[PDB]
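K.L.:
Handing you a structure now.
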Amino acid sequence: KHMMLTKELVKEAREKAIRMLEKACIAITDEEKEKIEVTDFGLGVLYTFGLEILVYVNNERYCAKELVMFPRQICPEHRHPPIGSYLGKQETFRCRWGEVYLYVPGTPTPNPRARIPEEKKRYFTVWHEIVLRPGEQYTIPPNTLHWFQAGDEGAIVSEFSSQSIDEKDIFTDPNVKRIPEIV
Amino acid sequence: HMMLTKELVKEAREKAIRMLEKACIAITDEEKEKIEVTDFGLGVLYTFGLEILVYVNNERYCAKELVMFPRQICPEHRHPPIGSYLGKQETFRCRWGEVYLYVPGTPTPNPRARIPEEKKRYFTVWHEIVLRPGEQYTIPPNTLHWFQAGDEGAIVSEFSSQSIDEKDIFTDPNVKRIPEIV
Ligand SMILES: OC[C@H]1O[C@](O)(CO)[C@@H](O)[C@@H]1O
Ligand SMILES: OC[C@H]1O[C@](O)(CO)[C@@H](O)[C@@H]1O
Ligand SMILES: [Mn+2]
Ligand SMILES: [Mn+2]
């Protein structure tokens with residue numbers, strides 16, 4: 001069934017993300033702990049498709065975030081398009097802990113590490129693999145299709161970017177709604 | 001006073017690497033060789049100095065890790081407009097240790113920072129912001145600021161618009177930003 005993001009699911013996920021941040025020695029304030037965003041992308045299977053996000057700062061000039069991912073959690077394929085005169089978000093990912101499998105346009109990598117549910121494979125169209133372990137980075141230019149899945153222990157991945165406007169992101173999966181609906 | 005030598009730089013790079021490791025911040029072997037050590041041209045690295053890792057710096061944004069040994073001071077400066085570029089805006093986030101940041105405003109009584117008496121004239125802003133791990137402050141462009149780490153040192157992340165270090169304006173006319181490693 002097309003399941004639902006509940007308050008209890010959100011609380012459970014927020015607490016798990018906080019433990020992961022603490023394990024990686026990343027200090028976060030009590031106020032920030034309350035502002036960790038939990039999204040299941042409107043797909044109803046948070047532990048399959050989902051992200052736990054801390055926004056450190058986001059303004060017209062720049063943005064920085066911490067993306068926390070549970071084991072094998074997937075961020076559905078999307079891109080950050082131009083918005084009016086804004087070029088669109090460019091971002092640099094830096095893995096801080098665990099490992100993540102990032103996919104961008106290019107020649108399909110053989111034997112990719114990511115495992116996508118069979119019924120959703122149609123909504124993953126780019127297959128050039130970049131594996132990031134702690135300390136490693138990759139930069140995604142604006143309006144570029146990408147998606148990612150954490151490894152079997154999960155991941156913490158920093159974002160450094162231009163202004164973020166999540167509401168304007170374009171997803172390949174037409175079922176995705178970026179902004180959560182918590183019951 | 002001294003000149004910044006290759007040996008002093010390598011010693012400071014190694015100490016900054018150990019501090020990053022203590023804070024559990026992963027860095028690549030390539031990044032270890034690219035940590036910048038500056039004494040701002042003032043010849044007292046352990047008084048005025050910074051060890052910097054630039055994670056990324058382009059036209060759209062910049063992120064750095066600033067490592068500071070106990071009581072290292074960044075001399076007072078601002079990031080000005082450059083042509084049509086507004087100038088760098090930056091957000092600092094303390095990751096480890098503690099740092100004393102000073103910005104324009106009413107002088108704070110009993111500041112935590114300790115500055116050399118003979119350099120006081122080149123520190124002109126005195127409104128104090130203390131940042132402990134997890135805490136942040138944002139400096140608008142063309143704003144005078146300086147900072148000193150606490151008695152354990154500090155690791156302070158920067159999130160900012162494009163960085164152009166060469167165009168920074170320092171209050172101390174003795175400061176030279178761009179290195180002279182002999
Ligand atoms: O909106 C989808 C998510 O994608 C990211 O850029 C990672 O690609 C996050 O900043 C964002 O919240
Ligand atoms: O150049 C002076 C230094 O000041 C900072 O913005 C911190 O204020 C660093 O990015 C820079 O390297
Ligand atoms: Mn993205
Ligand atoms: Mn600055």
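Ligands are numbered from 1 in the order shown, chains are lettered A, B, ... in the order of the structure tokens, and residues start at 1 in each chain.
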Write out as a ChimeraX atom specification every residue belonging to chain A that has an atom at most 12 Å from any atom of chain B, counting only C-alpha atoms.
P.N.:
/A:21-33,54-65,86-98,132-139,141-142,156-164
K.L.:
Quick one: residues within 10 Å of ligand 2, with only C-alpha atoms and all ligand atoms, as a VMD selection string?
P.N.:
chain B and resid 36 to 38 40 49 to 54 62 to 66 74 to 79 88 to 92 101 139 144 to 147 156 to 160 162 to 170 176 to 178
K.L.:
Can you tell me how far CA of residue 148 (chain A) sits from CA of residue 75 (chain A), in Å to one decimal?
P.N.:
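Those two atoms sit 5.4 Å apart.
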K.L.:
Set the distance at 10 Å and use only C-alpha atoms: which residues neighbour residue 48 (chain B) once local chain neighbours fewer than 6 positions away are removed? I'd like the list as a VMD selection string.
P.N.:
chain B and resid 38 to 42 68 71 to 75 115 to 116 148 175
K.L.:
Give me a file of those residues, with N, CA, C and O atoms, as a PDB file, in the first residue's frame.
P.N.:
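part.pdb, written as the output of this step:
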```
ATOM      1  N   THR B  38      49.662  29.552   7.090  1.00  0.00           N
ATOM      2  CA  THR B  38      50.065  30.946   6.971  1.00  0.00           C
ATOM      3  C   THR B  38      50.337  31.568   8.334  1.00  0.00           C
ATOM      4  O   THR B  38      49.619  31.308   9.311  1.00  0.00           O
ATOM      5  N   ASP B  39      51.395  32.403   8.394  1.00  0.00           N
ATOM      6  CA  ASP B  39      51.682  33.214   9.561  1.00  0.00           C
ATOM      7  C   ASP B  39      51.374  34.675   9.236  1.00  0.00           C
ATOM      8  O   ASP B  39      51.734  35.546  10.026  1.00  0.00           O
ATOM      9  N   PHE B  40      50.673  34.889   8.117  1.00  0.00           N
ATOM     10  CA  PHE B  40      50.189  36.219   7.734  1.00  0.00           C
ATOM     11  C   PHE B  40      51.379  37.150   7.510  1.00  0.00           C
ATOM     12  O   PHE B  40      51.190  38.365   7.434  1.00  0.00           O
ATOM     13  N   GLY B  41      52.590  36.578   7.421  1.00  0.00           N
ATOM     14  CA  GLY B  41      53.771  37.400   7.182  1.00  0.00           C
ATOM     15  C   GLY B  41      54.266  38.118   8.433  1.00  0.00           C
ATOM     16  O   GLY B  41      55.101  39.011   8.325  1.00  0.00           O
ATOM     17  N   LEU B  42      53.790  37.720   9.618  1.00  0.00           N
ATOM     18  CA  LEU B  42      54.069  38.425  10.858  1.00  0.00           C
ATOM     19  C   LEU B  42      55.150  37.740  11.705  1.00  0.00           C
ATOM     20  O   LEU B  42      55.513  38.250  12.768  1.00  0.00           O
ATOM     21  N   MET B  68      42.987  25.783  14.090  1.00  0.00           N
ATOM     22  CA  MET B  68      43.699  26.769  14.872  1.00  0.00           C
ATOM     23  C   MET B  68      44.320  26.067  16.091  1.00  0.00           C
ATOM     24  O   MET B  68      43.628  25.396  16.865  1.00  0.00           O
ATOM     25  N   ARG B  71      45.081  29.384  21.048  1.00  0.00           N
ATOM     26  CA  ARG B  71      45.292  30.838  21.022  1.00  0.00           C
ATOM     27  C   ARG B  71      45.892  31.395  19.741  1.00  0.00           C
ATOM     28  O   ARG B  71      46.263  32.581  19.703  1.00  0.00           O
ATOM     29  N   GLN B  72      45.878  30.642  18.627  1.00  0.00           N
ATOM     30  CA  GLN B  72      46.210  31.235  17.333  1.00  0.00           C
ATOM     31  C   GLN B  72      45.167  32.305  16.979  1.00  0.00           C
ATOM     32  O   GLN B  72      43.987  32.128  17.257  1.00  0.00           O
ATOM     33  N   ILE B  73      45.643  33.405  16.407  1.00  0.00           N
ATOM     34  CA  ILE B  73      44.783  34.529  16.045  1.00  0.00           C
ATOM     35  C   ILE B  73      44.834  34.678  14.530  1.00  0.00           C
ATOM     36  O   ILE B  73      45.889  34.718  13.916  1.00  0.00           O
ATOM     37  N   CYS B  74      43.639  34.918  13.928  1.00  0.00           N
ATOM     38  CA  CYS B  74      43.533  35.404  12.571  1.00  0.00           C
ATOM     39  C   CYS B  74      43.447  36.937  12.635  1.00  0.00           C
ATOM     40  O   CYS B  74      42.496  37.449  13.181  1.00  0.00           O
ATOM     41  N   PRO B  75      44.449  37.662  12.106  1.00  0.00           N
ATOM     42  CA  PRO B  75      44.457  39.141  12.152  1.00  0.00           C
ATOM     43  C   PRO B  75      43.223  39.728  11.437  1.00  0.00           C
ATOM     44  O   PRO B  75      42.597  39.131  10.563  1.00  0.00           O
ATOM     45  N   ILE B 115      45.413  39.497  23.047  1.00  0.00           N
ATOM     46  CA  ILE B 115      46.116  40.029  21.889  1.00  0.00           C
ATOM     47  C   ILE B 115      47.453  40.569  22.409  1.00  0.00           C
ATOM     48  O   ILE B 115      47.513  41.144  23.494  1.00  0.00           O
ATOM     49  N   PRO B 116      48.539  40.478  21.628  1.00  0.00           N
ATOM     50  CA  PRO B 116      49.793  41.150  22.002  1.00  0.00           C
ATOM     51  C   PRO B 116      49.586  42.662  22.100  1.00  0.00           C
ATOM     52  O   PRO B 116      48.985  43.289  21.210  1.00  0.00           O
ATOM     53  N   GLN B 148      40.212  34.426  17.601  1.00  0.00           N
ATOM     54  CA  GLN B 148      41.283  33.706  18.299  1.00  0.00           C
ATOM     55  C   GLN B 148      40.701  32.442  18.878  1.00  0.00           C
ATOM     56  O   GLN B 148      39.624  32.414  19.452  1.00  0.00           O
ATOM     57  N   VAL B 175      50.667  42.788   7.495  1.00  0.00           N
ATOM     58  CA  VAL B 175      50.201  41.478   7.057  1.00  0.00           C
ATOM     59  C   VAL B 175      50.407  41.326   5.562  1.00  0.00           C
ATOM     60  O   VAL B 175      50.005  42.196   4.789  1.00  0.00           O
TER      61      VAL B 175
END
```
K.L.:
What lies within 9 Å of residue 112 (chain B) using only C-alpha atoms, ignoring chain neighbours under 2 positions off, as a CSV table (one decimal) with N, CA, C and O atoms, in the first residue's frame?
P.N.:
```csv
chain,number,residue,atom,x,y,z
B,100,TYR,N,36.9,32.6,19.6
B,100,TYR,CA,36.4,33.9,20.0
B,100,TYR,C,36.4,34.8,18.7
B,100,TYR,O,37.5,35.1,18.2
B,110,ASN,N,35.3,42.7,29.1
B,110,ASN,CA,36.0,41.5,29.5
B,110,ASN,C,36.1,40.4,28.4
B,110,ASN,O,35.7,39.3,28.6
B,114,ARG,N,43.1,37.3,24.0
B,114,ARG,CA,44.3,37.9,24.5
B,114,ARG,C,45.2,38.2,23.3
B,114,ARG,O,45.7,37.3,22.7
B,128,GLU,N,32.1,40.7,20.7
B,128,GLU,CA,32.5,39.3,20.8
B,128,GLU,C,31.4,38.3,20.6
B,128,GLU,O,30.3,38.5,21.1
B,130,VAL,N,31.3,34.2,21.0
B,130,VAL,CA,32.0,33.0,21.4
B,130,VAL,C,31.3,31.8,20.7
B,130,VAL,O,30.1,31.7,20.9
B,148,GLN,N,40.2,34.4,17.6
B,148,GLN,CA,41.3,33.7,18.3
B,148,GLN,C,40.7,32.4,18.9
B,148,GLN,O,39.6,32.4,19.5
B,150,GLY,N,40.5,29.3,21.5
B,150,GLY,CA,40.7,29.1,23.0
B,150,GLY,C,41.9,28.3,23.3
B,150,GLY,O,42.7,27.9,22.5
```
K.L.:
Per DSSP on the backbone, filter region 5-176 of chain B down to the residues in alpha helix (DSSP H) and report them as a PyMOL selection string.
P.N.:
chain B and resi 6-22+29-34
K.L.:
Once you have the residues from the selection above, write them out as a tab-separated table (two decimals), in the first residue's frame, restricted to C-alpha atoms.
P.N.:
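Final file, selection-v3.tsv:
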```
chain	number	residue	atom	x	y	z
B	6	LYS	CA	59.54	24.64	4.98
B	7	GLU	CA	60.29	22.88	8.25
B	8	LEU	CA	57.94	25.15	10.25
B	9	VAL	CA	55.23	24.56	7.63
B	10	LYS	CA	55.64	20.79	7.70
B	11	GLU	CA	55.54	20.76	11.50
B	12	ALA	CA	52.34	22.86	11.51
B	13	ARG	CA	50.71	20.75	8.75
B	14	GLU	CA	51.35	17.59	10.77
B	15	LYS	CA	49.90	19.13	13.93
B	16	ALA	CA	46.80	20.31	12.01
B	17	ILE	CA	46.37	16.79	10.61
B	18	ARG	CA	46.47	15.33	14.12
B	19	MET	CA	43.85	17.85	15.27
B	20	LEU	CA	41.53	16.94	12.37
B	21	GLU	CA	41.99	13.24	13.23
B	22	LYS	CA	41.14	13.91	16.88
B	29	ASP	CA	46.26	11.89	1.61
B	30	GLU	CA	46.13	14.41	-1.22
B	31	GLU	CA	44.37	16.95	1.04
B	32	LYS	CA	47.00	16.43	3.73
B	33	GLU	CA	49.60	17.81	1.35
B	34	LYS	CA	47.39	20.80	0.42
```
K.L.:
Taking only chain B into account, list the residues labelled strand (DSSP E or B) by DSSP (computed from the backbone), as a ChimeraX atom specification.
P.N.:
/B:36-38,48,50-57,62-68,73-78,82,85,90-103,127-131,136-139,145-160,169-170
K.L.:
Just the number, please: distance in Å from CA of residue 103 (chain A) to CA of residue 67 (chain A), one decimal.
P.N.:
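Separation between CA of residue 103 (chain A) and CA of residue 67 (chain A): 16.1 Å.
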K.L.:
For CA of residue 172 (chain A) and CA of residue 111 (chain A), quote the distance in Å rounded to one decimal.
P.N.:
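If I compute the distance from CA of residue 172 (chain A) to CA of residue 111 (chain A), I get 22.6 Å.
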K.L.:
Looking at only C-alpha atoms, which of B:58, B:35, B:70, B:84 is the one that sits closest to residue 99 (chain B)?
P.N.:
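Ranking B:58, B:35, B:70, B:84 by distance to residue 99 (chain B), first place goes to B:70.
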K.L.:
When distances are computed from only C-alpha atoms and all ligand atoms, which of B:83, B:141, B:105, B:97 shows the smallest separation from ligand 4?
P.N.:
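Under the stated criterion, the closest residue is B:141.
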